[PDB]
């Protein structure tokens, strides 16, 4: 069991590492260049990326809180961090308007379209378009409860961390509700 637990804990930290690279990669490959491109006004940029940057911040804290702890005790890190995720409620509730706009903007302008696909050609995206990176925040949120559930199945009542995980899972779940209410 503590064998399992450790791998489920490793899969949480690995995916978090990767999720954070995906967040930064977007600012790199996409946001900076679309800003300069001239295709988009400031407002159109806001419609698309909303508060991307806040997402990076809220999870920057979480990743360091996980590298520094790197493991018999984790629920506490998660219960704490997962309750300071308000940035996601705002992002998730406004994202689909951005998505419609990027679509319209794309339907109507061949130049704009080829331009977005050029950015995606960057070796870091692996051909994945911007629209695929903008889905990830909401997806990540729906993943936390699953990842914590696994770890918890392998953290028995008697484990020093049991209590904390039950808590961190209530909050990960509550956060899915909240992100979904908008």
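Positions refer to the first chain, counted from 1.
Coordinates are absent for 4 to 9 residues of the deposited sequence placed between residue 70 and residue 71.
A summary of the deposited B-factors shows that, of 141-149 and 59-67, the stretch with the larger mean C-alpha value is 59-67. In this entry, 74-82 has the higher mean Cα B-factor, the comparison being between 92-100 and 74-82. When the modelled residues of the chain are ordered by C-alpha B-factor, residue 43 sits in the lowest third. Among all modelled residues in its chain, residue 22 ranks in the lowest third by Cα B-factor. When the CA B factors of the chain's modelled residues are split into thirds, the value for residue 125 lands in the highest one. For residue 51, the recorded CA B-factor ranks within the lowest third of the chain. Only modelled residues enter the ranking. When the modelled residues of the chain are ordered by their C-alpha B factor, residue 165 lands in the middle third.
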